[PDB]
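Next up, work.pdb (PDB, C-alpha atoms and all ligand atoms):
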```
ATOM      1  CA  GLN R1027     117.121  -3.618   4.755  1.00  0.00           C
ATOM      2  CA  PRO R1028     117.669  -5.196   1.339  1.00  0.00           C
ATOM      3  CA  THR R1029     120.308  -3.701  -0.928  1.00  0.00           C
ATOM      4  CA  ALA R1030     120.392  -3.650  -4.732  1.00  0.00           C
ATOM      5  CA  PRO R1031     123.408  -5.354  -6.312  1.00  0.00           C
ATOM      6  CA  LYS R1032     126.493  -3.437  -7.403  1.00  0.00           C
ATOM      7  CA  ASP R1033     128.200  -6.159  -9.433  1.00  0.00           C
ATOM      8  CA  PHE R1034     126.328  -8.963 -11.193  1.00  0.00           C
ATOM      9  CA  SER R1035     129.080  -9.632 -13.739  1.00  0.00           C
ATOM     10  CA  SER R1036     129.155 -13.339 -12.868  1.00  0.00           C
ATOM     11  CA  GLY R1037     125.640 -13.801 -14.231  1.00  0.00           C
ATOM     12  CA  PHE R1038     124.375 -15.352 -11.011  1.00  0.00           C
ATOM     13  CA  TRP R1039     123.959 -14.442  -7.336  1.00  0.00           C
ATOM     14  CA  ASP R1040     127.399 -14.616  -5.741  1.00  0.00           C
ATOM     15  CA  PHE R1041     126.825 -11.862  -3.153  1.00  0.00           C
ATOM     16  CA  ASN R1042     130.483 -10.850  -3.435  1.00  0.00           C
ATOM     17  CA  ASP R1043     129.606  -7.161  -3.684  1.00  0.00           C
ATOM     18  CA  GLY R1044     128.536  -6.832  -0.046  1.00  0.00           C
ATOM     19  CA  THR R1045     124.841  -6.504  -0.906  1.00  0.00           C
ATOM     20  CA  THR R1046     121.820  -8.803  -0.643  1.00  0.00           C
ATOM     21  CA  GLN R1047     121.813  -8.399  -4.424  1.00  0.00           C
ATOM     22  CA  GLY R1048     118.120  -7.540  -4.375  1.00  0.00           C
ATOM     23  CA  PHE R1049     116.914 -10.075  -1.815  1.00  0.00           C
ATOM     24  CA  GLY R1050     114.688  -9.286   1.131  1.00  0.00           C
ATOM     25  CA  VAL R1051     111.612 -10.698   2.840  1.00  0.00           C
ATOM     26  CA  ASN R1052     108.774 -10.949   0.318  1.00  0.00           C
ATOM     27  CA  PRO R1053     105.729  -8.662   0.866  1.00  0.00           C
ATOM     28  CA  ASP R1054     103.455 -11.715   0.768  1.00  0.00           C
ATOM     29  CA  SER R1055     105.521 -13.810   3.193  1.00  0.00           C
ATOM     30  CA  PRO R1056     103.500 -15.353   6.071  1.00  0.00           C
ATOM     31  CA  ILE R1057     106.507 -14.796   8.352  1.00  0.00           C
ATOM     32  CA  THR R1058     108.279 -11.424   8.543  1.00  0.00           C
ATOM     33  CA  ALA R1059     110.642 -11.447  11.547  1.00  0.00           C
ATOM     34  CA  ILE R1060     113.466 -12.994   9.516  1.00  0.00           C
ATOM     35  CA  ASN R1061     116.738 -11.147   9.005  1.00  0.00           C
ATOM     36  CA  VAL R1062     118.249 -11.170   5.524  1.00  0.00           C
ATOM     37  CA  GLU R1063     121.695  -9.635   5.156  1.00  0.00           C
ATOM     38  CA  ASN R1064     125.029 -10.016   3.413  1.00  0.00           C
ATOM     39  CA  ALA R1065     127.618 -11.557   5.725  1.00  0.00           C
ATOM     40  CA  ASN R1066     131.056 -12.617   4.526  1.00  0.00           C
ATOM     41  CA  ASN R1067     130.071 -12.522   0.848  1.00  0.00           C
ATOM     42  CA  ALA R1068     126.981 -14.687   1.277  1.00  0.00           C
ATOM     43  CA  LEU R1069     123.282 -14.195   1.999  1.00  0.00           C
ATOM     44  CA  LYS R1070     122.785 -14.826   5.712  1.00  0.00           C
ATOM     45  CA  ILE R1071     119.221 -15.651   6.737  1.00  0.00           C
ATOM     46  CA  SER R1072     118.759 -15.563  10.509  1.00  0.00           C
ATOM     47  CA  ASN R1073     116.152 -16.766  12.998  1.00  0.00           C
ATOM     48  CA  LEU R1074     114.257 -19.181  10.750  1.00  0.00           C
ATOM     49  CA  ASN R1075     113.760 -21.757  13.514  1.00  0.00           C
ATOM     50  CA  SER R1076     112.873 -19.285  16.290  1.00  0.00           C
ATOM     51  CA  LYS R1077     110.312 -17.575  14.053  1.00  0.00           C
ATOM     52  CA  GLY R1078     108.638 -20.829  13.048  1.00  0.00           C
ATOM     53  CA  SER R1079     109.985 -20.925   9.478  1.00  0.00           C
ATOM     54  CA  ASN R1080     110.997 -24.531  10.040  1.00  0.00           C
ATOM     55  CA  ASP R1081     108.687 -26.675   7.910  1.00  0.00           C
ATOM     56  CA  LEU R1082     110.877 -29.233   6.163  1.00  0.00           C
ATOM     57  CA  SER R1083     108.214 -31.158   4.226  1.00  0.00           C
ATOM     58  CA  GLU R1084     108.050 -31.405   0.439  1.00  0.00           C
ATOM     59  CA  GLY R1085     104.583 -29.922   0.186  1.00  0.00           C
ATOM     60  CA  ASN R1086     104.140 -27.461   3.058  1.00  0.00           C
ATOM     61  CA  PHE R1087     106.878 -24.958   2.220  1.00  0.00           C
ATOM     62  CA  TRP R1088     103.925 -22.548   2.082  1.00  0.00           C
ATOM     63  CA  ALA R1089     104.320 -22.229   5.864  1.00  0.00           C
ATOM     64  CA  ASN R1090     107.818 -20.784   5.561  1.00  0.00           C
ATOM     65  CA  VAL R1091     109.202 -17.310   5.016  1.00  0.00           C
ATOM     66  CA  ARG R1092     109.304 -16.043   1.441  1.00  0.00           C
ATOM     67  CA  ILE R1093     112.391 -14.168   0.313  1.00  0.00           C
ATOM     68  CA  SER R1094     112.482 -12.483  -3.094  1.00  0.00           C
ATOM     69  CA  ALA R1095     114.811 -10.351  -5.218  1.00  0.00           C
ATOM     70  CA  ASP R1096     112.440  -7.388  -5.496  1.00  0.00           C
ATOM     71  CA  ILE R1097     115.224  -4.816  -5.929  1.00  0.00           C
ATOM     72  CA  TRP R1098     117.640  -6.980  -7.882  1.00  0.00           C
ATOM     73  CA  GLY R1099     116.853  -5.174 -11.145  1.00  0.00           C
ATOM     74  CA  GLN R1100     118.921  -7.488 -13.347  1.00  0.00           C
ATOM     75  CA  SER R1101     118.045 -10.454 -15.542  1.00  0.00           C
ATOM     76  CA  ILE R1102     119.205 -13.944 -16.421  1.00  0.00           C
ATOM     77  CA  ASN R1103     118.412 -15.734 -19.676  1.00  0.00           C
ATOM     78  CA  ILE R1104     117.694 -19.325 -18.626  1.00  0.00           C
ATOM     79  CA  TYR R1105     116.505 -20.791 -21.917  1.00  0.00           C
ATOM     80  CA  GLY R1106     117.519 -24.446 -21.962  1.00  0.00           C
ATOM     81  CA  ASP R1107     118.423 -24.595 -18.263  1.00  0.00           C
ATOM     82  CA  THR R1108     117.097 -27.398 -16.048  1.00  0.00           C
ATOM     83  CA  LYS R1109     118.677 -26.649 -12.667  1.00  0.00           C
ATOM     84  CA  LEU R1110     118.733 -23.943 -10.010  1.00  0.00           C
ATOM     85  CA  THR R1111     121.632 -24.726  -7.694  1.00  0.00           C
ATOM     86  CA  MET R1112     123.017 -23.028  -4.607  1.00  0.00           C
ATOM     87  CA  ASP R1113     125.358 -23.513  -1.668  1.00  0.00           C
ATOM     88  CA  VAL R1114     123.777 -23.727   1.777  1.00  0.00           C
ATOM     89  CA  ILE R1115     126.237 -22.818   4.531  1.00  0.00           C
ATOM     90  CA  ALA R1116     126.034 -23.054   8.315  1.00  0.00           C
ATOM     91  CA  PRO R1117     128.316 -23.171  11.371  1.00  0.00           C
ATOM     92  CA  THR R1118     127.180 -26.762  11.937  1.00  0.00           C
ATOM     93  CA  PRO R1119     125.264 -29.370   9.921  1.00  0.00           C
ATOM     94  CA  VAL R1120     121.619 -28.301   9.603  1.00  0.00           C
ATOM     95  CA  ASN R1121     118.367 -29.255   7.897  1.00  0.00           C
ATOM     96  CA  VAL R1122     117.173 -26.832   5.220  1.00  0.00           C
ATOM     97  CA  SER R1123     114.198 -26.878   2.857  1.00  0.00           C
ATOM     98  CA  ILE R1124     113.816 -24.611  -0.161  1.00  0.00           C
ATOM     99  CA  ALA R1125     111.143 -24.177  -2.840  1.00  0.00           C
ATOM    100  CA  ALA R1126     111.533 -21.681  -5.680  1.00  0.00           C
ATOM    101  CA  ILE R1127     109.497 -19.639  -8.150  1.00  0.00           C
ATOM    102  CA  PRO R1128     111.616 -17.912 -10.802  1.00  0.00           C
ATOM    103  CA  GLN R1129     109.634 -15.098 -12.434  1.00  0.00           C
ATOM    104  CA  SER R1130     109.697 -13.388 -15.839  1.00  0.00           C
ATOM    105  CA  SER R1131     107.872 -10.581 -17.627  1.00  0.00           C
ATOM    106  CA  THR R1132     105.183 -12.873 -19.064  1.00  0.00           C
ATOM    107  CA  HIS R1133     105.351 -15.671 -16.469  1.00  0.00           C
ATOM    108  CA  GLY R1134     104.690 -14.250 -13.020  1.00  0.00           C
ATOM    109  CA  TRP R1135     103.644 -17.336 -11.093  1.00  0.00           C
ATOM    110  CA  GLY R1136     103.537 -21.096 -10.746  1.00  0.00           C
ATOM    111  CA  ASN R1137     102.944 -23.127  -7.581  1.00  0.00           C
ATOM    112  CA  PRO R1138     106.111 -25.121  -6.800  1.00  0.00           C
ATOM    113  CA  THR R1139     105.471 -28.851  -7.008  1.00  0.00           C
ATOM    114  CA  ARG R1140     107.842 -29.501  -4.101  1.00  0.00           C
ATOM    115  CA  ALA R1141     110.536 -28.073  -1.861  1.00  0.00           C
ATOM    116  CA  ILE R1142     114.001 -29.659  -1.993  1.00  0.00           C
ATOM    117  CA  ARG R1143     115.720 -30.561   1.270  1.00  0.00           C
ATOM    118  CA  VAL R1144     119.311 -30.942   2.430  1.00  0.00           C
ATOM    119  CA  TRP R1145     119.799 -32.763   5.737  1.00  0.00           C
ATOM    120  CA  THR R1146     122.570 -32.816   8.329  1.00  0.00           C
ATOM    121  CA  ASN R1147     124.188 -35.797   6.574  1.00  0.00           C
ATOM    122  CA  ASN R1148     124.524 -33.779   3.343  1.00  0.00           C
ATOM    123  CA  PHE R1149     126.779 -31.102   4.865  1.00  0.00           C
ATOM    124  CA  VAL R1150     130.543 -31.236   4.357  1.00  0.00           C
ATOM    125  CA  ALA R1151     133.021 -29.720   6.806  1.00  0.00           C
ATOM    126  CA  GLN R1152     134.997 -26.915   5.153  1.00  0.00           C
ATOM    127  CA  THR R1153     138.536 -25.704   5.866  1.00  0.00           C
ATOM    128  CA  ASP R1154     137.164 -22.815   7.947  1.00  0.00           C
ATOM    129  CA  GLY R1155     135.234 -25.135  10.241  1.00  0.00           C
ATOM    130  CA  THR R1156     131.831 -24.273   8.787  1.00  0.00           C
ATOM    131  CA  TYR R1157     129.693 -26.737   6.822  1.00  0.00           C
ATOM    132  CA  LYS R1158     128.328 -26.626   3.293  1.00  0.00           C
ATOM    133  CA  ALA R1159     125.792 -28.581   1.262  1.00  0.00           C
ATOM    134  CA  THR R1160     124.661 -28.214  -2.341  1.00  0.00           C
ATOM    135  CA  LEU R1161     120.935 -27.831  -2.934  1.00  0.00           C
ATOM    136  CA  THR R1162     119.471 -28.241  -6.402  1.00  0.00           C
ATOM    137  CA  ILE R1163     115.983 -27.437  -7.671  1.00  0.00           C
ATOM    138  CA  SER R1164     115.085 -28.706 -11.135  1.00  0.00           C
ATOM    139  CA  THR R1165     112.496 -27.582 -13.657  1.00  0.00           C
ATOM    140  CA  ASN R1166     110.661 -30.695 -12.467  1.00  0.00           C
ATOM    141  CA  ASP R1167     110.212 -29.146  -9.006  1.00  0.00           C
ATOM    142  CA  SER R1168     109.013 -25.727 -10.151  1.00  0.00           C
ATOM    143  CA  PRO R1169     106.417 -25.370 -12.957  1.00  0.00           C
ATOM    144  CA  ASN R1170     107.179 -21.698 -13.584  1.00  0.00           C
ATOM    145  CA  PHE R1171     110.909 -22.469 -13.776  1.00  0.00           C
ATOM    146  CA  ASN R1172     110.073 -24.997 -16.494  1.00  0.00           C
ATOM    147  CA  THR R1173     107.767 -22.523 -18.247  1.00  0.00           C
ATOM    148  CA  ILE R1174     110.409 -19.799 -18.427  1.00  0.00           C
ATOM    149  CA  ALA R1175     113.249 -22.176 -19.333  1.00  0.00           C
ATOM    150  CA  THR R1176     111.283 -23.523 -22.312  1.00  0.00           C
ATOM    151  CA  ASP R1177     109.784 -20.278 -23.636  1.00  0.00           C
ATOM    152  CA  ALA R1178     111.992 -19.018 -26.453  1.00  0.00           C
ATOM    153  CA  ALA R1179     109.944 -15.797 -26.526  1.00  0.00           C
ATOM    154  CA  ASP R1180     110.445 -15.047 -22.806  1.00  0.00           C
ATOM    155  CA  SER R1181     113.133 -17.071 -21.060  1.00  0.00           C
ATOM    156  CA  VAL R1182     114.420 -14.172 -18.984  1.00  0.00           C
ATOM    157  CA  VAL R1183     114.200 -14.332 -15.192  1.00  0.00           C
ATOM    158  CA  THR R1184     113.559 -10.880 -13.709  1.00  0.00           C
ATOM    159  CA  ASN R1185     112.858 -11.838 -10.103  1.00  0.00           C
ATOM    160  CA  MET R1186     112.565 -14.916  -7.940  1.00  0.00           C
ATOM    161  CA  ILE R1187     110.784 -16.097  -4.842  1.00  0.00           C
ATOM    162  CA  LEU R1188     112.374 -18.551  -2.426  1.00  0.00           C
ATOM    163  CA  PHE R1189     110.537 -20.385   0.357  1.00  0.00           C
ATOM    164  CA  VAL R1190     113.075 -21.139   3.102  1.00  0.00           C
ATOM    165  CA  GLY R1191     112.763 -23.389   6.136  1.00  0.00           C
ATOM    166  CA  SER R1192     115.401 -24.650   8.566  1.00  0.00           C
ATOM    167  CA  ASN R1193     115.919 -26.021  12.065  1.00  0.00           C
ATOM    168  CA  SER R1194     118.729 -23.467  12.410  1.00  0.00           C
ATOM    169  CA  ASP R1195     118.671 -19.755  13.282  1.00  0.00           C
ATOM    170  CA  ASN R1196     121.778 -19.148  11.187  1.00  0.00           C
ATOM    171  CA  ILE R1197     122.280 -20.290   7.621  1.00  0.00           C
ATOM    172  CA  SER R1198     123.608 -18.632   4.487  1.00  0.00           C
ATOM    173  CA  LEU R1199     122.998 -19.175   0.777  1.00  0.00           C
ATOM    174  CA  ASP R1200     125.642 -18.470  -1.859  1.00  0.00           C
ATOM    175  CA  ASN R1201     126.242 -18.957  -5.584  1.00  0.00           C
ATOM    176  CA  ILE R1202     122.563 -19.228  -6.545  1.00  0.00           C
ATOM    177  CA  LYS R1203     122.723 -20.010 -10.263  1.00  0.00           C
ATOM    178  CA  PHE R1204     120.910 -21.560 -13.216  1.00  0.00           C
ATOM    179  CA  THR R1205     122.604 -24.379 -15.117  1.00  0.00           C
ATOM    180  CA  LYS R1206     122.037 -27.383 -17.336  1.00  0.00           C
TER     181      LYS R1206
HETATM  182 CA    CA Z1301     129.857 -15.412  -2.430  1.00  0.00          CA
END
```

Show me the file's structure as structure tokens.
Amino acid sequence: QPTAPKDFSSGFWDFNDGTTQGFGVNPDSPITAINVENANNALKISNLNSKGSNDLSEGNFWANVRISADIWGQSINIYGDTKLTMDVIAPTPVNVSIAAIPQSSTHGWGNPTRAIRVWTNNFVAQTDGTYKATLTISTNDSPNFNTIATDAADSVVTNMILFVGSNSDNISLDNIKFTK
């Protein structure tokens, strides 16, 4: 049930338009019973733990669900960028692991070198009672991210694959953006 974005004026995934802004379970994901929806202006990913998408290691993210922006249809010039950051939100502190593969017209794939993890101790209580942690993936963690970010002839991201694992059946991602 993915939905194309309606407003991508911020230049990054803020999910403030009520859509999944292109994200849905990837066709090549080893796990499919994962719900991906927009809830309260964020991308809510449900049932990761119950469905076995709970590998939190640096190298075995391959066991987790793959979520990609197949119907995003927009693009982000990331020339010179070195970081892919995002907010991870949950009703309580959780453990979350994420690996990423940004994609471009001429650079369709690169095996991530490692997944980045945020643990319960990294989550901060917010005014609304929920918890939030910042997760950052660098060009040093994703070869294809580095390839696109350093290719002056094709530094435009046109899709992206995220490997997501967690011990929680309810987490959300928000403000997924590329920065220096
Ligand atoms: Ca948002």

Pick out the residues sitting within 8 Å of residue 1170 of chain R, and hand them over as a PyMOL selection string; count all atoms listed in the file, and ignore anything fewer than 4 positions along from it in its own chain. chain R and resi 1127-1129+1133-1138+1165+1174

Residues within 10 Å of residue 1056 of chain R, only C-alpha atoms, excluding chain neighbours under 6 positions, as a VMD selection string: chain R and resid 1079 1088 to 1092

With ligand CA 1301 (chain Z) as the partner and 7 Å as the cut-off, tabulate the residues of chain R that qualify, each row holding the nearest pair of atoms and their distance in Å to one decimal, using only C-alpha atoms and all ligand atoms, sorted by chain and rising number, as CSV.
```
residue,atom,partner,partner_atom,distance
R:1040,CA,Z:CA1301,CA,4.2
R:1041,CA,Z:CA1301,CA,4.7
R:1042,CA,Z:CA1301,CA,4.7
R:1067,CA,Z:CA1301,CA,4.4
R:1068,CA,Z:CA1301,CA,4.7
R:1200,CA,Z:CA1301,CA,5.2
R:1201,CA,Z:CA1301,CA,6.0
```

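Using all atoms listed in the file for every distance, the candidate list R:1193, R:1086, R:1160, R:1101 yields R:1086 as the residue closest to residue 1139 of chain R.
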
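With only C-alpha atoms as the atoms that count, the residue of R:1173, R:1153, R:1191, R:1035 with the shortest distance to residue 1132 of chain R is R:1173.
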
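Taking only C-alpha atoms into account, the residues near (110.7, -31.4, 6.4), no farther than 9 Å, are residues 1080, 1081, 1082, 1083, 1084, 1085, 1086, 1087, 1121, 1122, 1123, 1141, 1143, 1191 and 1192 of chain R.
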
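Interatomic distance, atom CA of residue 1103 of chain R against atom CA of residue 1183 of chain R: 6.3 Å.
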
With N, CA, C and O atoms as the target, complete segment 1148-1170 of chain R and hand it back as a PDB file, in the frame of the given file.
```pdb
ATOM      1  N   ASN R1148     124.111 -34.286   4.650  1.00  0.00           N
ATOM      2  CA  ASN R1148     124.524 -33.779   3.343  1.00  0.00           C
ATOM      3  C   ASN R1148     125.573 -32.673   3.451  1.00  0.00           C
ATOM      4  O   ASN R1148     126.162 -32.276   2.443  1.00  0.00           O
ATOM      5  N   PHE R1149     125.805 -32.173   4.663  1.00  0.00           N
ATOM      6  CA  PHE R1149     126.779 -31.102   4.865  1.00  0.00           C
ATOM      7  C   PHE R1149     128.218 -31.574   5.026  1.00  0.00           C
ATOM      8  O   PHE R1149     128.502 -32.514   5.774  1.00  0.00           O
ATOM      9  N   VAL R1150     129.123 -30.899   4.322  1.00  0.00           N
ATOM     10  CA  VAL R1150     130.543 -31.236   4.357  1.00  0.00           C
ATOM     11  C   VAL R1150     131.330 -30.186   5.126  1.00  0.00           C
ATOM     12  O   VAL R1150     131.150 -28.984   4.911  1.00  0.00           O
ATOM     13  N   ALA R1151     132.200 -30.638   6.022  1.00  0.00           N
ATOM     14  CA  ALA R1151     133.021 -29.720   6.806  1.00  0.00           C
ATOM     15  C   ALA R1151     134.002 -29.021   5.871  1.00  0.00           C
ATOM     16  O   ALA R1151     134.651 -29.667   5.047  1.00  0.00           O
ATOM     17  N   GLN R1152     134.099 -27.701   5.993  1.00  0.00           N
ATOM     18  CA  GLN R1152     134.997 -26.915   5.153  1.00  0.00           C
ATOM     19  C   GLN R1152     136.252 -26.535   5.933  1.00  0.00           C
ATOM     20  O   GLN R1152     136.283 -26.643   7.156  1.00  0.00           O
ATOM     21  N   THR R1153     137.280 -26.079   5.224  1.00  0.00           N
ATOM     22  CA  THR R1153     138.536 -25.704   5.866  1.00  0.00           C
ATOM     23  C   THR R1153     138.393 -24.679   6.990  1.00  0.00           C
ATOM     24  O   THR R1153     139.210 -24.659   7.916  1.00  0.00           O
ATOM     25  N   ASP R1154     137.366 -23.834   6.919  1.00  0.00           N
ATOM     26  CA  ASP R1154     137.164 -22.815   7.947  1.00  0.00           C
ATOM     27  C   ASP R1154     136.331 -23.301   9.130  1.00  0.00           C
ATOM     28  O   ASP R1154     135.984 -22.523  10.019  1.00  0.00           O
ATOM     29  N   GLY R1155     136.010 -24.592   9.141  1.00  0.00           N
ATOM     30  CA  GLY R1155     135.234 -25.135  10.241  1.00  0.00           C
ATOM     31  C   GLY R1155     133.733 -25.112  10.028  1.00  0.00           C
ATOM     32  O   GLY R1155     133.001 -25.794  10.744  1.00  0.00           O
ATOM     33  N   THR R1156     133.263 -24.332   9.060  1.00  0.00           N
ATOM     34  CA  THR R1156     131.831 -24.273   8.787  1.00  0.00           C
ATOM     35  C   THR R1156     131.456 -25.482   7.938  1.00  0.00           C
ATOM     36  O   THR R1156     132.319 -26.287   7.582  1.00  0.00           O
ATOM     37  N   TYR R1157     130.172 -25.612   7.617  1.00  0.00           N
ATOM     38  CA  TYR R1157     129.693 -26.737   6.822  1.00  0.00           C
ATOM     39  C   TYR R1157     128.920 -26.252   5.612  1.00  0.00           C
ATOM     40  O   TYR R1157     128.246 -25.225   5.668  1.00  0.00           O
ATOM     41  N   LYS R1158     129.011 -27.003   4.521  1.00  0.00           N
ATOM     42  CA  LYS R1158     128.328 -26.626   3.293  1.00  0.00           C
ATOM     43  C   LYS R1158     127.682 -27.809   2.583  1.00  0.00           C
ATOM     44  O   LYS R1158     128.222 -28.915   2.562  1.00  0.00           O
ATOM     45  N   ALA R1159     126.513 -27.564   2.009  1.00  0.00           N
ATOM     46  CA  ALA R1159     125.792 -28.581   1.262  1.00  0.00           C
ATOM     47  C   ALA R1159     125.298 -27.924  -0.020  1.00  0.00           C
ATOM     48  O   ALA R1159     125.072 -26.714  -0.058  1.00  0.00           O
ATOM     49  N   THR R1160     125.150 -28.719  -1.070  1.00  0.00           N
ATOM     50  CA  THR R1160     124.661 -28.214  -2.341  1.00  0.00           C
ATOM     51  C   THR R1160     123.189 -28.579  -2.459  1.00  0.00           C
ATOM     52  O   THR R1160     122.806 -29.731  -2.250  1.00  0.00           O
ATOM     53  N   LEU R1161     122.364 -27.594  -2.788  1.00  0.00           N
ATOM     54  CA  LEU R1161     120.935 -27.831  -2.934  1.00  0.00           C
ATOM     55  C   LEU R1161     120.543 -27.508  -4.365  1.00  0.00           C
ATOM     56  O   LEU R1161     120.853 -26.435  -4.874  1.00  0.00           O
ATOM     57  N   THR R1162     119.862 -28.442  -5.016  1.00  0.00           N
ATOM     58  CA  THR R1162     119.471 -28.241  -6.402  1.00  0.00           C
ATOM     59  C   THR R1162     117.982 -28.420  -6.653  1.00  0.00           C
ATOM     60  O   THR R1162     117.387 -29.427  -6.258  1.00  0.00           O
ATOM     61  N   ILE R1163     117.396 -27.429  -7.316  1.00  0.00           N
ATOM     62  CA  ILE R1163     115.983 -27.437  -7.671  1.00  0.00           C
ATOM     63  C   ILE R1163     115.911 -27.528  -9.189  1.00  0.00           C
ATOM     64  O   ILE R1163     116.501 -26.706  -9.900  1.00  0.00           O
ATOM     65  N   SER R1164     115.196 -28.529  -9.691  1.00  0.00           N
ATOM     66  CA  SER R1164     115.085 -28.706 -11.135  1.00  0.00           C
ATOM     67  C   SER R1164     113.784 -28.144 -11.680  1.00  0.00           C
ATOM     68  O   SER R1164     112.884 -27.770 -10.922  1.00  0.00           O
ATOM     69  N   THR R1165     113.695 -28.081 -13.003  1.00  0.00           N
ATOM     70  CA  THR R1165     112.496 -27.582 -13.657  1.00  0.00           C
ATOM     71  C   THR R1165     111.345 -28.544 -13.381  1.00  0.00           C
ATOM     72  O   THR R1165     110.190 -28.247 -13.681  1.00  0.00           O
ATOM     73  N   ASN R1166     111.671 -29.700 -12.808  1.00  0.00           N
ATOM     74  CA  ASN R1166     110.661 -30.695 -12.467  1.00  0.00           C
ATOM     75  C   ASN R1166     110.074 -30.423 -11.085  1.00  0.00           C
ATOM     76  O   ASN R1166     109.085 -31.044 -10.698  1.00  0.00           O
ATOM     77  N   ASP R1167     110.684 -29.496 -10.347  1.00  0.00           N
ATOM     78  CA  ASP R1167     110.212 -29.146  -9.006  1.00  0.00           C
ATOM     79  C   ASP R1167     109.494 -27.803  -8.987  1.00  0.00           C
ATOM     80  O   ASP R1167     108.837 -27.457  -8.003  1.00  0.00           O
ATOM     81  N   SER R1168     109.629 -27.044 -10.070  1.00  0.00           N
ATOM     82  CA  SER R1168     109.013 -25.727 -10.151  1.00  0.00           C
ATOM     83  C   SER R1168     108.428 -25.461 -11.534  1.00  0.00           C
ATOM     84  O   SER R1168     109.151 -25.124 -12.467  1.00  0.00           O
ATOM     85  N   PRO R1169     107.099 -25.592 -11.676  1.00  0.00           N
ATOM     86  CA  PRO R1169     106.417 -25.370 -12.957  1.00  0.00           C
ATOM     87  C   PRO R1169     106.780 -24.071 -13.676  1.00  0.00           C
ATOM     88  O   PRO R1169     106.987 -24.068 -14.887  1.00  0.00           O
ATOM     89  N   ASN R1170     106.858 -22.965 -12.940  1.00  0.00           N
ATOM     90  CA  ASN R1170     107.179 -21.698 -13.584  1.00  0.00           C
ATOM     91  C   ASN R1170     108.626 -21.665 -14.065  1.00  0.00           C
ATOM     92  O   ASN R1170     108.939 -20.993 -15.046  1.00  0.00           O
TER      93      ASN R1170
END
```
